[PDB]
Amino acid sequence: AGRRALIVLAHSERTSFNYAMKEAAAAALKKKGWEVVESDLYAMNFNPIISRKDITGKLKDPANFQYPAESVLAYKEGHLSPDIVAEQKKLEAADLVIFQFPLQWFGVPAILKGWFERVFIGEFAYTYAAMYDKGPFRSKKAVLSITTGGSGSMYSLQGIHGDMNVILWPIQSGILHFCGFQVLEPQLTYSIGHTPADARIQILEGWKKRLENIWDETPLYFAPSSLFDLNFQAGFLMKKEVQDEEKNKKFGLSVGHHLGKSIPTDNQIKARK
């Protein structure tokens, strides 16, 4: 299973429900014997802005700075900024990674987005030669615990905001799975600002309850890489054999791989697929 957990929190107030959720998670995991490390970005006064100062040594081409290549080279030679390296060390150590944050402008808070940009460096977090399920974090599991202002109905198929599954995709598939993470069902707590005091108590208890058997959960479904032609000249498109077999299927494979068909229900919210 997993003995180590890393909890990344993105909220400035320790009086917030998000802070309470992080505390609940840490407590529940420690009771079950987990090793729990934290990355409270606001408390760490974490720098979320990507720049050449993320590289400590001499750049290869200082007059024409390219973040991707320079950062990769710094990773391999050992000269990434030390604050970045400390986070990478936490990730390598962790089996389970929990991201706690309030939904902000239908995405991750700026400080967490900057954490991904600075910490998920090439080679370390991903490889074009081993994308998605064969990525570096393929033996790890990630989970998003989100709080929101809008009610759950606003995010249903017929709500004004639209399907929450669409909002989740860029993060869960694009950021987490691309690196190899097995992504578990998200913990969604809607309109927390309009939730009764006693209901709020249950929310915290239900979260701690779920974490007791978190590692045994079945992850969300993403189309396996074995279905794609993993080479540049082919354009990373689905292999024809697969493409044809799918032509008689009613449903697409996932949110991003809907193929023009119907997206299976709650592909990004519920496992089993």
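One rule holds for the numbers: they count along the sequence shown, beginning at 1.
Taking only CA atoms, the mean B-factor in the PDB entry is higher for 138 to 146 than for the other of 138 to 146 and 111 to 119. Judged by mean Cα B factor in the deposited record, 251 to 259 ranks above the other of 251 to 259 and 18 to 26. Each of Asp244, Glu70, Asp40, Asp54 has a CA temperature factor in the record; the biggest one is found at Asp244.
In this PDB entry, the Cα temperature factor of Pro48 sits in the bottom third of its chain's modelled residues, the lowest group.
Per-chain ranking of the deposited C-alpha B factor places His161 in the middle third.
Ranked within its chain, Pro102 lands in the lowest third, by CA B factor from the PDB record.
In this PDB entry, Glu87 carries a Cα temperature factor that places it within the lowest third of its chain's modelled residues. Annotation for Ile7: C-alpha temperature factor in the lowest third relative to the rest of the modelled chain, per the entry.
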